[PDB]
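Trainee: from the sequence below, what's the structure:
(one chain, ligands or ions: 3)
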Amino acid sequence: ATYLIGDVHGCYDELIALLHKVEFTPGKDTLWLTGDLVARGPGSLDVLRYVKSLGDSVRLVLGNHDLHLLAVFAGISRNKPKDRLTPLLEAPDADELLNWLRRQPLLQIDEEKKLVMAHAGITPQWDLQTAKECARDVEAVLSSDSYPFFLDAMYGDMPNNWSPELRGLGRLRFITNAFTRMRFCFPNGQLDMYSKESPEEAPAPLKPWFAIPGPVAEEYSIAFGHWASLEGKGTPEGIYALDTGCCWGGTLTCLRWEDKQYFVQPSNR
Ligand SMILES: Nc1ccn([C@@H]2O[C@H](COP(=O)(O)OP(=O)(O)O)[C@@H](O)[C@H]2O)c(=O)n1
Ligand SMILES: [Mn+2]
Ligand SMILES: [Mn+2]
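Mentor: Numbering: from 1, shown residues only. Ligands and ions are numbered 1, 2, ... in the order given. This is the structure:
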């Protein structure tokens, strides 16, 4: 079976309980994870250890908090106490875990299921070939020996409009924001980097990225996490918002792809 779970945010106990609920069995089943494995919840260390151990039985995409952890580890960014990353950063296997983490994709595609996953979704300004090329470029920088230079370069809110003519720092910044921070779009598809509330309580003319017709969403189902204030609600057919805010006292959601059956684990907090 194929299971897809939204942002775990260090909620190891809930993750394992949800996987036991569905009798998740590596070798017979595959797990897709929307990223943001770490931060806020208490068990980022255990989460990364487990997910790395799954190997080919897990398909991960990196989220914005995974990238932030990598930046903290590399000495690029400051550790925020509320993220609760210190046990992971101080672990004897921190190098192994984080060097594995930075090698993981930004984008997962399964052609037989016509299914795409990224942390925040797929901007309507991208077709599939462009999304793939952009994921490859940023994955290449993250898996290289020079990844701390990219992590430093990644921070920024501009440019927020895609063009194939974008080059250099702006190109990588837009790519990173589209895959890991996107929520609202302007009517022309341009990213808004500030509003993080639910679609109903957002100011006009902002609309969810998935409310703007785009070439990937026309052909593929898209699963994503990231947007906790969405509460997994209000998406169009073929769009699966899996982040139901476990670390926030919400729930951890798992979708089984074959029958579109949902399973939910209450937050322990
Ligand atoms: N149900 C919720 C959950 C979070 N939030 C807020 O949304 C902001 C972004 O958090 P998020 O969980 O959606 O995304 P990430 O920061 O994990 O990437 C936080 O500052 C939360 O306070 C909200 O307004 N409503
Ligand atoms: Mn998140
Ligand atoms: Mn996120």
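Trainee: helix or strand next in line after the longest helix belonging to the chain, which one?
Mentor: The residue-count maximum for a helix in the chain (DSSP state H) belongs to helix 128-142. Downstream of helix 128-142, the first helix or strand assigned by DSSP states H and E is helix 147-154.
Trainee: C-terminal to that next one, what's the next element?
Mentor: Heading C-terminal from helix 147-154 (DSSP H and E), you reach helix 168-180.
Trainee: tell me if that following helix is near ligand 1.
Mentor: No. Helix 168-180 lies out of reach of ligand 1 by CB under 6 Å from any ligand atom, never closer than 7.7 Å. Bear in mind the C-beta positions are built from the backbone N, C-alpha and C, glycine included.
Trainee: residue contacts, residue 41?
Mentor: 8-12, 47, 84, 246-247 (CB atoms under 8 Å, 6 or more residues apart in numbering).
Trainee: counting contacts, what elements does the longest helix of the chain pack onto?
Mentor: strand 107-110, strand 115-118, helix 147-154, helix 168-180, helix 215-219 (3 or more CB pairs under 8 Å, 6 or more residues apart in numbering; DSSP states H and E).
Trainee: relative to helix 128-142, how tilted is the fourth one?
Mentor: An angle of 110 degrees separates the directions of helix 168-180 and helix 128-142 when computed by axes from the mean of the first three to the mean of the last three CA atoms, to 10 degrees.
Trainee: next, the buried residues of helix 168-180.
Mentor: Buried positions in helix 168-180, judged by neighbour count with 16 or more other CB atoms under 10 Å: 171-180.
Trainee: next structured bit after that helix?
Mentor: strand 184-185.
Trainee: in this protein, which residue sits nearest ligand 1?
Mentor: Closest residue of the chain to ligand 1, CB to the nearest ligand atom: residue 228 (3.2 Å).
Trainee: so that residue makes contact with residue 246?
Mentor: No. Under the criterion of CB atoms under 8 Å, residue 228 makes no contact with residue 246, lying 9.0 Å away.
Trainee: any residues in contact with both of these two?
Mentor: residue 7.
Trainee: what is the nearest of the buried residues of helix 168-180 to residue 16?
Mentor: residue 180 (25.3 Å; CB to CB).
Trainee: which non-adjacent residue is nearest that closest one?
Mentor: residue 64 (4.1 Å; CB to CB, 6 or more residues apart in numbering).
Trainee: ok, residue 152 next?
Mentor: In space, residue 152 is closest to residue 76, 4.9 Å off (CB to CB, 6+ apart).
Trainee: same deal with residue 264?
Mentor: Per CB to CB, 6+ apart, closest to residue 264 is residue 251, 4.9 Å.
Trainee: which of the contacts of residue 41 are buried?
Mentor: For the contacts of residue 41, buried by 16+ other CB under 10 Å: 8-12, 47, 84, 246-247.
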